[PDB]
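Undergrad: Could you have a look at this structure, given as structure tokens, before my questions?
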Amino acid sequence: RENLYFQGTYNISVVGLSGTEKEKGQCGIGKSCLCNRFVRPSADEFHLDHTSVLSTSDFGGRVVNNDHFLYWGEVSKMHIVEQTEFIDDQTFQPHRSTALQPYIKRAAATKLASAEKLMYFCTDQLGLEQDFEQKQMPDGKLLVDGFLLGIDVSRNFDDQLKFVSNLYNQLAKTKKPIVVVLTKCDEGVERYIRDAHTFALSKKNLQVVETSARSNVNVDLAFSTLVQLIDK
Ligand SMILES: Nc1nc2c(ncn2[C@@H]2O[C@H](COP(=O)(O)OP(=O)(O)NP(=O)(O)O)[C@@H](O)[C@H]2O)c(=O)[nH]1
Ligand SMILES: [Mg+2]
Ligand SMILES: [Mg+2]
Numbered sequence: 005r006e007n008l009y010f011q012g013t014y015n016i017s018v019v020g021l022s023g024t025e026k027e028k029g030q031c032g033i034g035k036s037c038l039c040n041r042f043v044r045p046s047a048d049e050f051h052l053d054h055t056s057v058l059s060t061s062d063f064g065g066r067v068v069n070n071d072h073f074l075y076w077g078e079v080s090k091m092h093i094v095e096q097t098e099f100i101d102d103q104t105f106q107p108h109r110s111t112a113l114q115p116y117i118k119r120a121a122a123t124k125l126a127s128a129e130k131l132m133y134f135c136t137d138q139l140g141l142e143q144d145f146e147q148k149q150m151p152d153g154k155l156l157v158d159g160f161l162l163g164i165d166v167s168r173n174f175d176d177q178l179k180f181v182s183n184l185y186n187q188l189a190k191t192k193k194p195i196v197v198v199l200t201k202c203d204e205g206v207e208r209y210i211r212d213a214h215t216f217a218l219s220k221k222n223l224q225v226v227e228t229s230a231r232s233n234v235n236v237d238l239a240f241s242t243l244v245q246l247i248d249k
């Protein structure tokens, strides 16, 4: 409720350039690794490799649950979702392509009902979910409180930033708090970092947190920064 000092639970959606392997140059922008390091930061539980190329069976399992988002779990309360795009492992087109909103619209969704969705660990889990802990997304539904807007600044960047700008506009229409997160800063390019900062400075009170999921720098800070903004 709006009158409370701390709302106590925070549903955070992590978004950024997403699509086919080709649209990502066979290299995603860092959403999954950011989420993974936040929710389960131990070396034993952190995976650098989280493919979004899935079989129809993987896509229809209870972890993916016919969604283009993943429930990464609960941090203790913060519930973490990654908005992405899953492609078929034979046709290489998005799962349910004809039925889908474009990513920018999909990713800006603030009501995320996926009943009996299980928490995601890794693509190994998929269709083998009995082999992992089975934690369900709360209430089968999340009302998004805020967004982390990811930008890969590591060494086609200008097209990424164009996409980020269009995605930002969709997010801003929600009137939900947004924090820009620069990802893979352990390999960061100063020109890219500078351009990302210029973009965020063009907006009203848009903070930028510089992160590395790989080196485990500023991951908690990115999320805490958003939680603080949510409660303002
Ligand atoms: N150097 C470096 N590489 C990283 C970092 N985070 C992720 N990566 C690399 O970038 C790859 C893609 O990261 P990933 O988190 O899966 O991206 P994504 O945005 O989830 N991709 P998708 O759009 O497919 O869901 C990883 O497999 C890893 O090689 C980081 O902090 N530093
Ligand atoms: Mg991912
Ligand atoms: Mg409040």
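Counted the way the authors' numbering counts, the sequence shown spans residues 5 to 80, 90 to 168, 173 to 249. Ideal Cβ placement from N, Cα and C applies to all residues, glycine included.
1. Within a Cβ cutoff of 7 Å, which residues of the same chain sit near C39, ignoring the five residues on either side of it in sequence?
2. Quick check: is any heavy atom of ligand 3 less than 7 Å from the C-beta of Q138?
3. Using only CA atoms, which one of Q245, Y9 and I16 lies nearest to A121?
4. Any heavy atom of ligand 1 closer than 7 Å to the beta-carbon of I33?
5. Would you mind working out which of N233, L246 and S182 sits nearest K220, comparing C-alpha positions?
6. From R5, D48 and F134, pick the residue whose C-alpha is nearest to that of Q147; which is it?
7. How is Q224 classed by DSSP in three states: helix, strand or coil?
8. Run the proximity test for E204: is its beta-carbon closer than 7 Å to any non-hydrogen atom belonging to ligand 3?
9. Could you give the C-beta distance for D158 and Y14, rounded to a whole number, given that I count them as a contact under 8 Å?
10. Could you check the C-alpha separation between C202 and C31 for me, to the nearest Å?
TA: So, from the listed chains and residues:
1. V18, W76, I93 and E95
2. no
3. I16
4. Yes, the Cβ of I33 comes within 7 Å of a heavy atom of ligand 1.
5. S182
6. Measuring from the Cα of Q147, the nearest candidate turns out to be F134.
7. coil
8. Every heavy atom of ligand 3 is 7 Å or more from the Cβ of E204, so no.
9. 5 Å
10. 15 Å
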